[PDB]
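Student: My questions will all concern the structure given below.
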Amino acid sequence: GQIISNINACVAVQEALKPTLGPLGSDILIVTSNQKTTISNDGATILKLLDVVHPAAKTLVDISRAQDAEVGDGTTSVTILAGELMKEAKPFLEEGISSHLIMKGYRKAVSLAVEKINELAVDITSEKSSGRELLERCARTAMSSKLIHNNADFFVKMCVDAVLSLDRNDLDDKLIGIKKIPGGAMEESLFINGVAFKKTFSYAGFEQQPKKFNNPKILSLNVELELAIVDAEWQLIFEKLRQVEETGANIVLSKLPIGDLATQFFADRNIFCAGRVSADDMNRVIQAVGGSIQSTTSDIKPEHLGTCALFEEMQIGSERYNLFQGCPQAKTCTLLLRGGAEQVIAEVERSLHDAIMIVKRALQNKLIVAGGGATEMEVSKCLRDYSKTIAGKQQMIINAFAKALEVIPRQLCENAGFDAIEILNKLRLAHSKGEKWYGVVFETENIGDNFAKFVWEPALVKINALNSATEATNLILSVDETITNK
Amino acid sequence: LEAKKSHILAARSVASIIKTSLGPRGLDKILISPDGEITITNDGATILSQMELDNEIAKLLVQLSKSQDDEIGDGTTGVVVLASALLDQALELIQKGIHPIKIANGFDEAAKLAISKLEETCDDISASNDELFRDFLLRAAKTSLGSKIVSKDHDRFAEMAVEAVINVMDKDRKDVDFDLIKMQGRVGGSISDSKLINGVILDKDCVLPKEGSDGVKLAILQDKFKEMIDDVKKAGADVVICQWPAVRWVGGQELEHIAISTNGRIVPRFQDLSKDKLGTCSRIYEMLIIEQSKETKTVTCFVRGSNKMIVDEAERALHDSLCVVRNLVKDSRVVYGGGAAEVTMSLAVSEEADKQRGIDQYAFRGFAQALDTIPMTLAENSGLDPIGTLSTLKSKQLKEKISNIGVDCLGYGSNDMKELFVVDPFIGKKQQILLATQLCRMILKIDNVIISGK
Amino acid sequence: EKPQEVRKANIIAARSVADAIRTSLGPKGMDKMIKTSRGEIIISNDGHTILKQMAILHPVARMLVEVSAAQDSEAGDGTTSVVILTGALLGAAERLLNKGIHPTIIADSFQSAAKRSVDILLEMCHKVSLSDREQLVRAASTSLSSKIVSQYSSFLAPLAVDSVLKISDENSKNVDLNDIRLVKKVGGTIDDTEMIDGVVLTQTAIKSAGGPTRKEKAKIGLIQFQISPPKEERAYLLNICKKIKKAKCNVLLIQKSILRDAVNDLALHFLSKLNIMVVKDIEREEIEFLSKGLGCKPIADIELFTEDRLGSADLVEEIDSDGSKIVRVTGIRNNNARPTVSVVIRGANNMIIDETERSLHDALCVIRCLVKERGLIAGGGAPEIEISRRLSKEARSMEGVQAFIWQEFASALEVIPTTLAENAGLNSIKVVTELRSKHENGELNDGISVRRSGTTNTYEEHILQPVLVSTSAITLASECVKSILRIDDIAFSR
Amino acid sequence: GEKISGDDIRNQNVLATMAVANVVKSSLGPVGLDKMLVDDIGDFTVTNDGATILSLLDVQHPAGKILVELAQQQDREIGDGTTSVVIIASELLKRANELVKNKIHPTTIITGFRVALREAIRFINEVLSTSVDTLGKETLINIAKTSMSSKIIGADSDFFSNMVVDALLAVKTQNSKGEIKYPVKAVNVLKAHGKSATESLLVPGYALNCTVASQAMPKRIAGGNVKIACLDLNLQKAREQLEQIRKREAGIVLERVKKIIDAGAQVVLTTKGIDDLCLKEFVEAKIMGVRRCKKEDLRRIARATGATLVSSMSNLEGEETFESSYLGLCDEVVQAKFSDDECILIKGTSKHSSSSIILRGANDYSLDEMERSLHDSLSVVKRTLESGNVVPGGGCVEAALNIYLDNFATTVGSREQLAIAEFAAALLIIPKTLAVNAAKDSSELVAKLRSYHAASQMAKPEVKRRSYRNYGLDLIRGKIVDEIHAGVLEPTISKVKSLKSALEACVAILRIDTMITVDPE
């Protein structure tokens with residue numbers, strides 16, 4: 001009885017995300033105390049800023065935060081399944097059926113579900129689609145399943161070429177970080193092969209900065225340069241500038257800002273320098289240029305100075321930023337977002353970061369199955385025939401989970417404006433007499449084959465979806481009481 | 001659908017606030033600052049940015065106009081009107097059972113047709129000589145940029161600002177400088193007392209020129225007082241500005257325009273004073289007036305006025321002309337707006353609706369109807385019937401091949417924009433349409449607004 | 001503008017009534033449950049019953065009940081359609097007041113459009129024979145299906161048609177329904193409803209002794225007085241029975257005597273000893289039905305009792321079924337120009353019995369419009385947009401601002417298909433979009449169908465309506481809204 | 001007054017329905033429990049009968065009173081199964097609530113239930129059986145065990161089986177245009193205490209409860225040709241002119257008794273007490289007088305013995321006389337002491353033969369339940385002999401019909417199949433409620449019973465005999481047993497009219513949209 005009151009409060013969680021399922025889904029507006037406007041489809045940022053009342057709401061948050069490691073995308077079609085399993089289980093909990101039979105029967109259904117998902121996943125390899133194909137043709141609609149509907153054609157010819165430079169067995173997520181550049185266009189974004197960061201501070205020689213370097217060398221120094229007492233303070237800073245020139249570093253990255261004495265000495269010799277360097281940008285250079293950070297001038301040596309192919313000063317959005325190109329070791333390609341709207345920059349920021357997860361799991365194993373919610377329909381069709389002979393009461397228990405997967409096609413018809421009953425009758429014959437691969441087609445507004453539609457989705461998303469919804473739904477049934485002090 | 005219905009009605013109420021301010025003739029409204037100060041200005045971007053409403057739907061339009069102010073700066077009212085017009089048509093098409101993305105897909109396809117149609121109407125003003133080209137830049141601010149009263153003849157203080165960006169920019173017709181172009185105001189006198197010189201005039205504290213040097217020997221920087229003079233006598237500098245002749249309590253950022261124009265540098269300490277930092281300044285005389293007769297990109301327009309809002313509104317009109325002139329120089333595509341291109345692009349989209357038919361016919365009609373809201377709004381602000389105004393424009397553009405016929409707000413007689421010298425940036429109308437539709441797609445995706453607890 | 005605020009509040013009160021009945025409109029309408037102050041629960045979708053128990057202190061809302069009651073006098077049917085026509089014209093009158101149009105101009109615009117709407121209905125009329133079966137059901141089929149019992153209306157459709165065709169005239173008269181009585185009884189189902197060719201009295205007599213179970217070759221009499229001593233004792237009552245046997249009257253009909261004479265036990269035993277059938281506890285309102293049907297003259301005094309004032313019947317028996325006692329009369333003598341019939345209604349619950357009764361009165365009033373006028377038009381709100389096609393097309397000839405209100409009257413006709421789409425679970429605009437293209441050109445009688453969910457011929461689905469249903473209602477609805485706009489304010493008086 | 005519309009009214013309709021539905025849930029099944037009702041008059045009534053509860057039940061919801069009138073109509077049409085039928089309105093309206101909140105149109109729900117029940121008759125045609133049923137040796141006892149459901153009489157139903165069967169055996173007559181039926185509702189039931197249930201005696205005739213004034217009269221009449229008279233008039237002492245009227249009225253009474261003595265009536269039935277004047281004439285004429293008779297019991301005497309009640313003595317003239325056509329006939333009159341009283345036993349009547357039943361119990365509250373329980377069993381046998389079609393009991397009918405509706409939903413298809421699936425899940429509450437009252441698991445037997453009926457339709461020859469298909473269920477032990485070993489069955493007319501009468505009952509709740517409450521005067 002105490003769990004039922006906890007479920008009803010958690011039902012409204014995915015019922016607010018109810019329209020968000022599918023590429024036609026909507027977004028949720030969140031305004032915090034700082035008046036920060038956040039518009040995104042991903043529920044991870046939604047549940048993070050969502051006010052929680054009962055501790056059961058935090059359960060879906062912990063799974064959503066861990067969803068980035070397991071899958072990272074399709075969170076609208078996953079978290080909603082955790083509330084649907086407990087929605088249809090209410091009549092069973094009111095009867096003499098214990099929640100243990102629901103939890104024990106759930107693992108028996110997932111064990112049969114994952115067995116069929118691995119059966120649906122087929123790896124041909126051989127002469128079929130290879131690199132630059134599976135990541136383009138089959139990943140066209142797979143990368144972004146929710147947003148970027150109009151700009152999808154732009155990123156397939158751009159973002160796919162950026163993730164192609166990432167070799168298997170490495171999968172570095174530290175070098176894929178993006179930046180926020182106001183103004184410009186989305187399809188006009190320039191590809192960056194090296195470390196690029198903002199200046200964050202204006203110089204008097206901002207227009208006089210060197211345009212480009214033939215053989216630049218980046219050196220990271222934490223020494224703070226700031227100005228009998230006058231002659232002593234000016235001489236000590238001057239001696240530190242001469243020791244840096246001995247190494248022959250054309251680019252010097254300083255953590256703390258520098259005064260006019262260090263700027264004038266570097267400007268006359270055409271030596272580049274940048275202040276207010278963040279600690280996160282220093283680790284990015286170590287994995288790209290391969291230099292080192294020297295705290296003082298005692299241990300500085302010429303071999304600690306790295307180098308890169310060439311340097312270029314880029315001017316975009318009425319502001320100039322540092323641009324590195326031709327780094328010795330680069331596992332990815334830096335992308336710089338553009339556009340005048342801040343929400344759009346943050347909108348595609350969550351989408352592009354979710355697209356790299358597909359490239360990560362594809363390099364390990366290349367597999368595709370029928371998308372568009374047709375995966376649960378074939379699994380639910382097989383569970384109806386098996387559960388009849390499986391352990392007594394488990395027939396009606398698994399059939400409840402079989403009908404719980406029917407929420408996915410009902411949600412796809414809600415946004416598209418279709419009928420929830422009409423799609424079930426057409427798929428029931430399509431997943432029985434129509435074998436398997438026949439899915440639903442939104443473009444032609446009818447039922448068709450996803451094999452000829454070119455739309456596929458990785459089956460690894462559905463594998464971790466049941467595991468992420470396993471401990472999430474089991475924790476609700478395993479907790480029969482909630483106590484809040486004061 | 002019921003939640004977004006109230007958001008569209010709330011967005012239309014926001015557009016109705018600035019509805020009377022659309023166009024150069026557009027009338028403003030009194031805005032009261034939260035501190036009690038009254039703000040009266042004819043710029044639509046200034047009132048809308050400073051105004052803050054309750055509902056979050058109005059705050060979403062503030063971020064849309066925030067990017068329009070930093071880019072365009074003049075005529076930002078048409079951005080909200082066009083965005084609200086797309087939402088006004090959403091009360092019908094979405095109610096018909098069509099998904100917003102299906103309607104949103106027709107807006108992006110119709111936007112490419114409007115951009116392609118607008119490109120065919122581009123008229124290059126740089127094809128003539130420099131005499132007619134520089135005259136078009138001055139006449140560009142004569143009509144389109146004129147808004148407030150007394151601006152009837154503004155060319156006294158306007159020509160100083162128009163010729164300011166001309167001498168800075170190279171004759172190759174491609175340049176951008178946002179560093180050295182700034183406005184310096186003064187409270188007093190009249191707007192007609194402005195002057196055009198090369199330099200900067202501050203509020204803080206003469207000598208004859210020399211032969212070899214460019215004169216005044218400008219150097220940017222009782223026993224100790226005379227000891228520093230001996231170091232000046234080594235360089236022979238006649239006028240020296242001492243931060244840390246002499247000045248008292250001057251700022252470092254204010255002296256940056258002096259060191260850049262004179263090729264000088266900031267001297268941290270008197271021990272670091274050297275001759276290599278000696279600059280060149282033509283004349284310095286008293287409030288000292290700094291002038292430079294050599295070639296430099298530093299130009300500051302000294303402006304006077306009896307009130308703060310008089311100087312502030314005058315500078316914002318002249319400062320926003322930097323992006324206007326840059327689009328008339330660096331950008332070779334110049335189009336004639338003010339009811340000309342808006343109605344012309346609407347007729348091309350209306351013909352595309354009947355070609356595709358299907359569900360895009362009503363989608364393309366909503367985009368053409370949205371562009372028709374600008375001339376209907378200008379008609380009410382000009383005192384003309386909206387139906388009779390659009391019926392006249394469409395009748396002439398179909399019978400005659402001239403696409404420059406547009407709405408006449410101020411009673412200029414003939415509606416030809418080419419004879420009236422009404423020019424609008426080509427990139428301006430492109431960014432206003434795309435960014436407006438960019439937000440309208442996010443408005444239709446609003447489901448439930450989550451607000452933190454008070 | 002106080003008068004403008006009063007009429008604005010009257011529209012809100014008019015839309016409140018129209019929005020409630022909107023759920024009950026059409027064959028897909030929903031019933032309403034109301035709790036009366038007396039403690040009786042009546043659940044029906046009939047606009048006459050809903051507004052009968054409606055208690056609202058608003059003066060105009062009280063007048064709206066008489067507006068719908070006026071449609072019951074002229075037509076008496078179509079309560080699932082024509083009821084909203086009152087609030088339909090008032091809903092669009094809000095924008096008419098903002099334009100500064102005088103109320104008399106509004107009254108003249110709707111009255112002139114009312115005469116134009118009648119001529120449009122006269123162009124769409126169809127040939128309907130006086131005696132037929134399937135074609136006469138098509139006109140009523142819109143109103144035949146309302147209550148839950150409409151599933152059994154397949155047998156009730158020819159019964160309601162043949163009931164009116166039994167007693168009627170080919171001269172197109174008013175077709176008075178007083179000759180056709182609907183009698184009810186406890187027990188049975190609506191599928192067992194049968195029609196009788198003679199007067200059937202369901203009144204339950206006291207039946208103290210109840211000796212005779214039936215009478216063969218009996219003369220049915222009508223007695224207003226009561227047999228009892230004025231208020232040796234039995235000798236006075238036996239002499240009265242001798243006068244009864246003198247005229248050979250075996251059936252006595254007596255009204256309710258409990259006001260004065262009450263009832264005597266000796267008089268009940270004398271009639272049972274001679275096996276004389278008698279029925280007591282009869283309402284006074286039944287005197288007109290029994291006198292004209294059987295051809296019997298009322299008798300106020302035993303001295304006036306004679307054979308010339310008595311009728312005759314072949315067989316008079318009492319049918320006992322499901323515990324209910326009904327009296328069926330076989331054969332009728334002393335035939336007159338006002339013959340009567342009877343239809344036995346069978347039901348379970350008293351609410352269900354009255355539920356099927358209102359459905360019959362709604363069906364019987366349909367043939368009255370077909371007999372008076374043989375014209376026939378399409379049903380299901382199909383002509384509503386078709387009439388608007390001939391209206392808004394002429395708006396260009398209205399010569400000035402009159403075209404604005406001329407289109408508002410045509411736009412008010414779109415309310416009928418709008419309410420049918422929402423009651424049938426369909427999109428509102430999707431229906432309106434298909435109708436505007438369908439009614440544009442091709443033929444006539446086409447329109448939306450709630451069963452097939454599409455625009456097609458209405459006679460293919462056997463859904464039609466008489467021509468006089470919308471003819472008198474629209475004219476009456478347009479006349480009532482004229483007087484509503486004549487209210488400047490509401491002022492309380494003595 | 002108060003006007004509230006929307007979906008909140010339909011949610012309130014099922015809320016008030018489920019509130020009163022809990023009354024008949026605990027009383028369902030032979031193991032069901034009774035419930036006590038406070039009449040506020042100082043007494044109380046403990047009854048499990050839905051017809052009696054819903055009558056006294058106070059329902060403040062207007063739609064909740066519809067279920068009250070539904071049980072009243074089922075008493076005349078069926079006469080039993082009050083808590084085994086009306087109970088379906090709980091989940092049937094609850095499953096429809098989920099369809100109202102969805103996009104399902106109410107007509108689809110209405111038409112979905114109509115097509116399901118219309119085609120359900122063909123599904124019932126498979127489980128039908130004739131009146132002979134098994135090889136015999138048990139004929140009307142198996143149908144007498146149908147009343148065991150919802151009642152506690154199943155413990156004593158062993159001895160009461162032959163009592164109900166033999167009571168309706170000799171009451172046979174000819175009516176309904178020549179049809180042979182048993183005129184039930186005419187059986188006299190006497191209340192008594194002591195001994196046990198096995199000591200209940202069955203009287204194949206009429207039994208009268210009264211007190212004989214004079215014990216010296218011929219109480220027991222030996223031999224046939226016994227004449228019995230019935231008079232509604234009261235003959236006793238009742239109101240110097242006062243003494244003269246007393247003597248004149250006394251002569252009128254003695255004259256009316258003289259007409260009865262001349263007719264030779266052995267038994268004289270009077271409504272009120274008998275004075276000493278009439279007792280002296282009865283002793284000399286060897287006539288047994290009877291006083292304190294009920295008018296309702298005298299109506300059955302007129303049909304049984306053939307003695308018509310006399311309202312008054314008179315004719316066309318002013319002469320008072322008693323005709324001989326008002327005399328009754330029987331085989332014998334025997335008087336024995338029954339429960340601290342001597343009752344008159346009239347057996348072997350001429351016109352029509354009746355039967356009387358004497359019952360024993362703990363207290364008056366027990367006899368009231370035992371009387372109505374056995375009185376409802378008389379209608380079970382009556383409705384069974386009308387239509388020879390019978391169906392097996394044990395709750396296996398609802399679980400079997402729901403499986404055929406699964407494939408029937410795929411036949412119709414479209415949007416009407418979803419209402420059929422919800423209608424199948426609504427009928428599942430009947431077998432689950434029986435498990436709650438039996439202190440067993442619900443889905444245990446439900447999932448197993450449906451497994452035997454799942455392959456029931458898949459058997460081509462019916463492979464060998466019945467491996468799966470079978471009927472009947474054991475509530476006590478919680479196992480699946482055959483209908484022959486369990487010996488339980490139910491009439492078809494009771495099962496058909498169950499959902500047929502509930503059809504328009506549940507839809508009437510769905511037809512409710514706007515609720516309006518008018519303030520009382």
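Each chain in the structure tokens gets a letter, A, B, ..., in the order shown, and its residues are numbered from 1; ligands are numbered from 1 in order too.
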With only C-alpha atoms as the counted atoms, please give the residues lying no more than 10 Å from residue A:159, apart from itself and same-chain residues fewer than 6 positions off, as a ChimeraX atom specification.
Tutor: /A:136,143,152,187,189,191,333,335,352,355-356
Student: Each residue of chain A with at least one atom at most 6 Å from chain B should appear once, together with its nearest atom pair and the corresponding distance in Å (one decimal); atoms considered: only C-alpha atoms; ordering: chain, then increasing residue number; output as a tab-separated table.
Tutor:
```
residue	atom	partner	partner_atom	distance
A:26	CA	B:445	CA	4.3
A:27	CA	B:445	CA	5.1
A:28	CA	B:447	CA	5.8
A:29	CA	B:449	CA	4.7
A:30	CA	B:450	CA	4.6
A:31	CA	B:451	CA	4.9
A:32	CA	B:452	CA	5.1
```
Student: Please, what distance in Å, to one decimal, runs between atom CA of residue A:18 and atom CA of residue A:410?
Tutor: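 Interatomic distance, atom CA of residue A:18 to atom CA of residue A:410: 10.2 Å.
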Student: Give the alpha helix (DSSP H) residues of stretch 42-237 of chain D, as DSSP finds them on the backbone, and put them as an MDAnalysis selection string.
Tutor: chainID D and resid 50:56 66:77 89:101 106:124 140:144 157:167
Student: I'd like the neighbourhood of residue A:426 as a compact mmCIF listing (two decimals) with C-alpha atoms, in the first residue's frame, where a residue qualifies if any of its atoms comes within 12 Å (using only C-alpha atoms), though same-chain residues fewer than 4 positions away should be ignored.
Tutor:
```
# COMPACT_ATOMS: atom_id res chain seq x y z
CA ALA A 374 9.95 -2.08 -33.22
CA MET A 377 7.28 -5.40 -30.22
CA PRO A 409 4.28 2.64 -30.10
CA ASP A 419 -4.12 5.90 -33.52
CA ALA A 420 -2.69 3.74 -30.74
CA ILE A 421 -4.97 0.80 -31.59
CA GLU A 422 -4.41 0.98 -35.36
CA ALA A 430 3.90 -7.64 -39.04
CA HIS A 431 5.75 -9.22 -36.09
CA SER A 432 4.01 -12.61 -36.52
CA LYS A 433 3.15 -13.38 -40.16
CA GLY A 434 5.41 -10.55 -41.34
CA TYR A 438 8.94 -4.66 -40.44
CA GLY A 439 8.81 -1.45 -38.40
CA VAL A 440 6.83 1.79 -38.35
CA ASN A 446 2.12 4.04 -42.45
CA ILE A 447 3.72 0.69 -41.62
CA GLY A 448 6.82 -0.28 -43.59
CA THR D 410 -9.22 -10.38 -33.44
CA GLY D 413 -10.73 -5.94 -34.95
CA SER D 414 -10.52 -2.16 -35.30
```
Student: May I have the residues of chain D within 7 Å of chain A, counting only C-alpha atoms, written as a list in words?
Tutor: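 My answer is residues 414, 415, 441, 442, 443, 444 and 447 of chain D.
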